[PDB]
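Some notes on the structure that comes next.
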Amino acid sequence: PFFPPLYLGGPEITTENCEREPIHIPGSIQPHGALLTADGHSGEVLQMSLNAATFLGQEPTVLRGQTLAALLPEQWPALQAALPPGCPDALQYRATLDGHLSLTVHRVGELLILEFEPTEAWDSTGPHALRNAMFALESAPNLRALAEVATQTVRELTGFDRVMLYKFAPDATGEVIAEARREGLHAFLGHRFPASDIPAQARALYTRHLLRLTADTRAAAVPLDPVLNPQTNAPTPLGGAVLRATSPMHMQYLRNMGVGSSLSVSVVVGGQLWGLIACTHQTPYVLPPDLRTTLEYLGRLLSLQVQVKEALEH
Ligand SMILES: *C/C=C1/C(=C/c2[nH]c(/C=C3[NH+]=C(/C=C4\NC(=O)C(C=C)=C4C)C(C)=C\3CCC(=O)O)c(CCC(=O)O)c2C)NC(=O)[C@H]1C
């Protein structure tokens with residue numbers, strides 16, 4: 001059972017209780033974007049990250065109480081049609097706003113969660129970089145070759161320093177079974193890790209929300225305000241927001257591994273967490289938004305191909 005979060009008198013997490021950290025409700029975000037939450041019927045802004053001036057030009061306590069009808073006149077109608085009450089919490093509405101801001105919205109219960117991050121004027125994903133990655137995965141003749149090609153494909157799409165295929169054993173210990181890495185880096189092929197390095201509550205969350213990242217492992221998290229959703233007087237679930245603050249226990253693990261940026265995608269086979277496409281970079285790095293979306297689709301393709309290649313040994 002989860003500890004209360006730190007803003008409800010929970011204790012600070014230590015290695016004795018890592019599996020009890022409520023990582024889905026940190027009440028804070030990463031500083032490379034801004035987050036608002038809004039009521040799903042009125043569009044009233046209920047919660048705002050404290051940095052929302054840096055990306056939206058207006059102050060946190062100034063935005064509170066305004067509506068999305070006023071703030072996003074063009075998207076407010078569309079976002080309502082796209083994310084009705086009761087839709088899946090993994091369903092996303094995406095738009096570009098005009099500099100250019102990527103807007104991502106999802107619905108949790110009666111709450112709309114809006115993430116804003118800067119982006120370049122043009123897509124980073126090549127016209128049909130998606131097609132050649134798909135060809136590469138489909139054409140692999142066996143699971144080993146699939147694993148090799150999936151890591152190299154993802155590395156060529158993303159430019160991450162290290163791209164691993166991280167597979168869970170039946171005892172929940174992990175292993176790097178394939179890797180693509182920058183010239184001069186030492187292989188992590190074949191290295192195994194205890195189950196506690198990706199603890200049970202993290203595995204569970206990764207079964208429902210298929211992509212997460214840490215863009216800067218040294219960057220302080222930005223609080224949301226107020227920290228509790230005023231609808232419920234309870235924590236705002238953030239497991240569907242990529243701007244969610246990362247567990248400090250994992251950020252510290254990454255710092256000690258010389259990692260500035262991390263991103264993974266779940267591989268889900270027969271509804272179970274089979275493994276992760278786990279990416280790392282020596283320097284902080286925000287994977288552009290369009291490239292994330294590509295990478296999420298590829299994880300879904302990879303998952304189907306792994307299930308096929310395993311139906312064959314069986
Ligand atoms: C007492 C708690 C501990 C702990 C918790 C923890 N770890 C994760 C998430 C991840 N851990 C990962 C591990 C690795 N990344 C690598 O690059 C390597 C080795 C080469 C390992 C072993 C990974 C891949 C994840 C997923 C997230 C990501 O891709 O960056 C969480 C959840 C983090 C979150 O979503 O907020 C938690 C709570 N890790 C420990 O080592 C102990 C100290």
Side-chain angles (χ1 to χ4, degrees), residues 2-3 5-6 10-30 32 151 154-155 158 160-169 171-182 185-221 235 237-268 273-282 284-287 292 295-296 299:
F2 295 112
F3 288 151
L6 290 177
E12 296 173 44
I13 303 297
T14 73
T15 51
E16 321 225 273
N17 47 54
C18 313
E19 77 288 9
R20 309 198 59 194
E21 183 179 0
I23 62 177
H24 56 306
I25 50 162
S28 51
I29 63 156
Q30 298 179 54
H32 65 278
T151 58
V154 170
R155 184 155 190 279
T158 64
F160 272 111
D161 291 333
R162 181 187 301 284
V163 177
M164 300 168 278
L165 187 58
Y166 189 99
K167 188 187 183 315
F168 298 100
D171 61 3
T173 61
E175 186 164 8
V176 175
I177 65 170
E179 182 180 63
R181 69 189 170 286
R182 181 175 181 165
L185 288 187
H186 177 61
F188 291 166
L189 289 168
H191 289 202
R192 292 181 65 212
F193 301 91
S196 57
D197 289 355
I198 311 188
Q201 82 284 37
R203 300 192 307 263
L205 181 63
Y206 305 161
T207 310
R208 307 175 129 180
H209 293 290
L210 307 180
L211 188 151
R212 77 301 308 180
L213 65 86
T214 302
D216 184 347
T217 58
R218 286 171 190 276
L238 288 178
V242 304
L243 298 182
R244 173 184 65 79
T246 304
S247 164
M249 300 298 288
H250 180 48
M251 308 227 324
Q252 176 175 72
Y253 174 77
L254 292 173
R255 295 190 294 275
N256 274 350
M257 291 297 283
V259 171
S261 181
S262 180
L263 179 153
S264 63
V265 180
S266 297
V267 183
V268 179
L273 189 64
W274 184 99
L276 302 177
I277 298 166
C279 302
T280 63
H281 212 56
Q282 174 179 241
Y285 179 46
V286 181
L287 190 71
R292 303 194 299 265
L295 185 51
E296 199 269 327

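Whatever order the structure lists ligands and atoms in, that order sets their numbers, starting from 1. Note: hydrogens, waters and symmetry copies are ignored here, and every other heavy atom, side chains too, is used. Starting from 1, each residue takes its place in the sequence as its number.
- Of the possible donor and acceptor atoms, one in the side chain of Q30 sits under 3.5 Å from a partner among the backbone N and O of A215.
- The nearest non-hydrogen atom to atom 23 (C) of ligand 1, considering only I198, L213, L238, comes from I198.
- Distances between N or O atoms of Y206 and those of ligand 1 include at least one value under 3.5 Å.
- Checked against a 3.5 angstrom limit, the closest N/O atoms of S264 and ligand 1 fall inside it.
- Ligand 1 has no N or O atom lying under 3.5 Å from any N or O atom of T15, backbone or side chain.
- At the shortest separation from atom 42 (C) of ligand 1 among protein heavy atoms lies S196 O, 3.8 Å.
- The shortest separation from a heavy atom of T246 to ligand 1 is under 4.0 Å, placing the residue in contact.
- Ring geometry, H186 versus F188: the interplanar angle exceeds 60°, so the pair is classed perpendicular (tilted spans 30 to 60°).
- Formation of a donor-acceptor pair under 3.5 Å by the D216 side chain with backbone atoms of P284 is not found in this model.
- Counting the atoms of ligand 1 from 1 in the order shown, those under 4.0 Å from a heavy atom of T280 are 17 (O).
- For atom 7 (N) of ligand 1, the closest non-hydrogen atom of the protein is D197 O, 3.0 Å.
- The ligand atoms of ligand 1 that sit less than 4.0 angstrom from a heavy atom of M164 are 17 (O), 20 (C).
- Scanning all protein heavy atoms for the shortest distance to atom 37 (C) of ligand 1 gives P199 CD, 3.7 Å.
- The environment of CZ in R182 is sparse: at most 12 heavy-atom neighbours from other residues, nucleotides or ligands sit within 6.0 Å.
- A donor-acceptor pair under 3.5 Å links the side-chain atoms of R292 to the main chain of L287, judged by distance alone.
- Close approach to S262 involves these atoms of ligand 1, each under 4.0 Å from a residue heavy atom: 28 (C), 29 (O), 30 (O).
- In this structure, the side chain of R162 does not engage the main chain of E179 through any donor-acceptor pair within 3.5 Å.
- Protein heavy atom in closest approach to atom 15 (N) of ligand 1: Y253 CE2, 4.1 Å.
- The single protein non-hydrogen atom nearest to atom 43 (C) of ligand 1 is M249 CE, 4.1 Å, given as residue, atom name and distance.
- Protein heavy atom at the shortest distance from atom 36 (O) of ligand 1 is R244 NH1, 2.8 Å.
- Side-chain atoms of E19 do not come within 3.5 Å of backbone N or O of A200 as any donor-acceptor pair.
- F188 CD1, 3.6 Å is the protein heavy atom nearest to atom 20 (C) of ligand 1.
- Remark: among candidates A278, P194, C18, the nearest residue to atom 2 (C) of ligand 1 is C18, based on non-hydrogen atoms.
- Between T15 and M249, some side-chain heavy-atom pair lies under the 4.5 Å cut-off.
- Closest to atom 10 (C) of ligand 1 among all protein heavy atoms lies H250 CE1, 3.3 Å.
- The aromatic rings of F160 and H281 sit perpendicular to each other, their planes meeting at more than 60°, with 30° as the lower class boundary.
- Taking OH of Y166 as the reference point, atom CD1 of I177 lies at 12.0 Å (rounded to 0.5 Å).
- Close contacts between ligand 1 and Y166 involve ligand atoms 22 (C) [criterion: under 4.0 Å to a heavy atom].
- By the 6.0 Å and 45° rule, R212 stacks over the aromatic ring of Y206.
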